[PDB]
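Asks:
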Amino acid sequence: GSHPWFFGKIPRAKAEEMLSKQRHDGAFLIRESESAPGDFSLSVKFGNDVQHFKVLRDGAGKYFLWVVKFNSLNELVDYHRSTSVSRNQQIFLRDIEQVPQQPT
Amino acid sequence: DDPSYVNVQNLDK
Numbered sequence: 001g002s003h004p005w006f007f008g009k010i011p012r013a014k015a016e017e018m019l020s021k022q023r024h025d026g027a028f029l030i031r032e033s034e035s036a037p038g039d040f041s042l043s044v045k046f047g048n049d050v051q052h053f054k055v056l057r058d059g060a061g062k063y064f065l066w067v068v069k070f071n072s073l074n075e076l077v078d079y080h081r082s083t084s085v086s087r088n089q090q091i092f093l094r095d096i097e098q099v100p101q102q103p104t
Numbered sequence: 001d002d003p004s005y006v007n008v009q010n011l012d013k
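Residue numbers (the entry's author numbering), protein chains in the order written: chain E, 1 to 104; chain I, 1 to 13.
(1) Just to confirm the assignment, what range does the beta strand (DSSP E) spanning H52(E) have?
(2) Would you kindly report the start and end of the unbroken alpha helix (DSSP H) that includes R87(E)?
(3) Of the choices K54(E), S84(E), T104(E), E75(E), whose alpha-carbon is the least far from that of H3(E)?
(4) Output needed in chain order: residues of the stretch 45 to 78 of chain E with a Cβ under 7 Å from some Cβ in chain I.
(5) Could you say if the stretch 45 to 55 of chain E and the stretch 13 to 21 of chain E meet the contact criterion of at least three C-beta pairs nearer than 8 Å?
(6) Around the C-beta of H52(E), are 16 or more other C-beta atoms found within 10 angstroms, so that it is buried, or is it exposed?
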């Protein structure tokens with residue numbers, strides 16, 4: 001239990017910063033709308049820029065942010081981790097910042 | 001000054 005991609009209450013820009021030093025175009029993190037009282041969202045590096053998806057709720061507890069929805073945040077990650085995200089290339093959610101635990 | 005989020009509904013608001 002933890003969050004290898006979720007953040008909590010940060011600014012999309014902060015997620016646009018940790019995603020800018022990333023290396024795999026797919027790196028992602030989820031943000032709880034720092035401007036809202038609690039609006040889920042997610043930043044991800046596609047090519048080098050940081051585009052984010054708005055996260056919504058089905059009103060029952062589901063979470064979505066693009067096309068298909070799910071029943072868990074990390075669930076939407078793994079899904080988009082094997083499924084592309086944009087119709088322009090094949091990008092997927094990946095791990096951002098934190099480096100590969102133990103990287104010098 | 002918000003960048004929005006790719007899926008984010010259009011700015012129609």
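No residue lacks a Cβ here, since even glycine has one placed at the ideal position from N, Cα and C.
Replies: Let's see:
(1) 49 to 54
(2) Run containing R87(E): none; DSSP gives neither H nor E here.
(3) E75(E)
(4) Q51, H52, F53, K54, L65, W66
(5) yes
(6) buried
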